[PDB]
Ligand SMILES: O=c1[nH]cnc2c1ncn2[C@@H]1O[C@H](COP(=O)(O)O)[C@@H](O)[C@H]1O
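Heads up, the chain below is alone and in the form solved without this ligand; it's given as structure tokens.
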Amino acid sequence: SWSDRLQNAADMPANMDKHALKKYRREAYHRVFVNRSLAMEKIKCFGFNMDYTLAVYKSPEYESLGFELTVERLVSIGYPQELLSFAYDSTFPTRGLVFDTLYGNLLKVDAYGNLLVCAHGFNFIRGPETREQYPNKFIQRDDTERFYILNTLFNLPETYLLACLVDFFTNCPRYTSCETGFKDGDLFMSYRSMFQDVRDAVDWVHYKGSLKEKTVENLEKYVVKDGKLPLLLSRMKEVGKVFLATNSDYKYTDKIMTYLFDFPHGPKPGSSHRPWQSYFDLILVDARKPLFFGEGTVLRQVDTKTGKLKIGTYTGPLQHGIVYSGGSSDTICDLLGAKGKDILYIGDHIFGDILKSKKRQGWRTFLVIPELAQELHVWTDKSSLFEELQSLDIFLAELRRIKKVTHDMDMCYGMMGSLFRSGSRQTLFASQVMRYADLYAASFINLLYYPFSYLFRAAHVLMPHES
């Protein structure tokens, strides 16, 4: 699993010999990848979310927990007991799939809404057979009333759960399968209605149920810990300012962060331990991203003793030891005296963290992609497979075996293929990473292996008529 890769790298001590780093940064696994050039010396503030960037949740343990609690919630509100026999399977869901609430399919699409993979339950629908429901092998992906795009890591159990349910109702004799849902005499459950229940249940688990409590009760089981995290953060604070802006509330943030910094030392072995808050020039919780990058909400102050909000809108200045709640990205800029391009924001939400901070504020962006830590291994190991496909393509271009090679390549990633492509065709997610993430990597810790004023470089882009 990708978190196993991350954990193994996490257990390593960080030898800060520059000659070691310069050659350690070269390994693809520890590389920072570059979509648009970025001069690190111009970055004056380093900003973070917490989800899967600071707090790396262990896979598949965390997904299974969320899956299990979501299933229990559905059963709790009246779904059949048989749901309880579901068990999370990490090999099925690929992140970034689109659930079609009309026909109950999971779709993998490219940036233009072309179908690359279609599955109904666990049945993979071949090209011709998809044309009945998708005449142009295409969806309008911004039709948000019909399509839901599962591009978060938290979406992974939900992704698998949707397929389990379609599979279950399809094969349960009590039900009759219809085009848009399931009939049970005088009851009709549409896929849309089903999807809404799943949505509700997942949200409930996350914010009202026992997920956070189960998580903090057993942090060693659910959360990766890395001694290098305080090291990197302390190095960032030497050359600029460091801030936290998370959607989580203070109570959860404090529990998780305390754990993440729980070593018998500070930044480096031998140094005194320091509380996690001391690593940040500004701490902001209840961020409500992506709204945060627009109007946001009123700026509040957290009573860190009680973990409740103080009464009133906070109107004061940045003060040492203060914790903020809500506000907006402008809050950060004002308090830290920064401009957007002075900021490198590090996050795991392609939409809510990266796309939005880039498009709305022109922040510089770093996207953490936890799966990359494994997708790389598969890509480098089965490289020959892709290289063959490329050869088969350019040969045919200058003129069905391609489909089999496509299939065999994709299956090494999972049943839903790579996060980034299906054979030679890039996914929507891949196109969004390239377009909005200035930098990306399996972990932001990979920044440790690059010098203070490194210039990350991407090739200039030319139009076809310019080439």
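All residue numbers refer to positions in the sequence shown, first residue = 1.
Modelling of residue 281 is complete across the other compared entries in which both of its neighbours are modelled; not even a third of them leave it out. Looking at the other PDB entries for this protein, residue 353 is absent from the model in a third or more of those that include the residues around it.
The modelled chain breaks after residue 399 and resumes at residue 400, leaving 10 or more residues of the deposited sequence without coordinates.
Higher mean CA temperature factor between 124 to 132 and 228 to 236: 124 to 132, per the PDB entry. Mean CA temperature factor is higher for 315 to 323 when stretches 196 to 204 and 315 to 323 are set side by side in the entry. Considering 367, 245, 355, 172 together, the PDB entry gives 172 the largest C-alpha B factor. Per the PDB entry, 389 shows the highest C-alpha temperature factor of the residues 256, 389, 282, 302. Residue-level temperature factors show residue 184 in the highest third of its chain, judged at the C-alpha atom. Ranked by C-alpha B-factor against the other modelled residues of its chain, residue 83 falls in the middle third. In this PDB entry, the Cα temperature factor of residue 29 sits in the top third of its chain's modelled residues, the highest group.
Looking at the C-alpha B-factors along this chain, the one for residue 176 belongs to the middle third. The deposited CA B-factor of residue 70 belongs to the lowest third of values across its chain.
Unshown form deposited with this ligand bound; subsequent notes refer to it.
Proximity to this ligand in the entry with it bound, defined as a heavy atom within 4.5 Å, singles out one entry of 202, 338, 236, 74, which is 202. Put simply, of 103, 154, 280, 261 only one has a heavy atom within 4.5 Å of this ligand in the entry with it bound, and it is 154. Residue contact check for residue 427: none of its heavy atoms lie within 4.5 Å of this ligand in the entry with it bound. In the entry with it bound, at least one heavy atom of residue 49 sits within 4.5 Å of a heavy atom of this ligand. In the entry with it bound, no heavy atom of residue 365 sits within 4.5 Å of this ligand. Interface membership of residue 248, defined by any non-hydrogen atom within 4.5 Å of this ligand in the entry with it bound, is confirmed.
Here the chain stands by itself, but in the entry with it bound one stretch of 322 to 330, 206 to 214, 165 to 173, 188 to 196, 206 to 214, has heavy atoms within 4.5 Å of this ligand. Shown here without this ligand, the chain has only 289 in 275 to 311 lying with a heavy atom within 4.5 Å of that partner in the entry with it bound.
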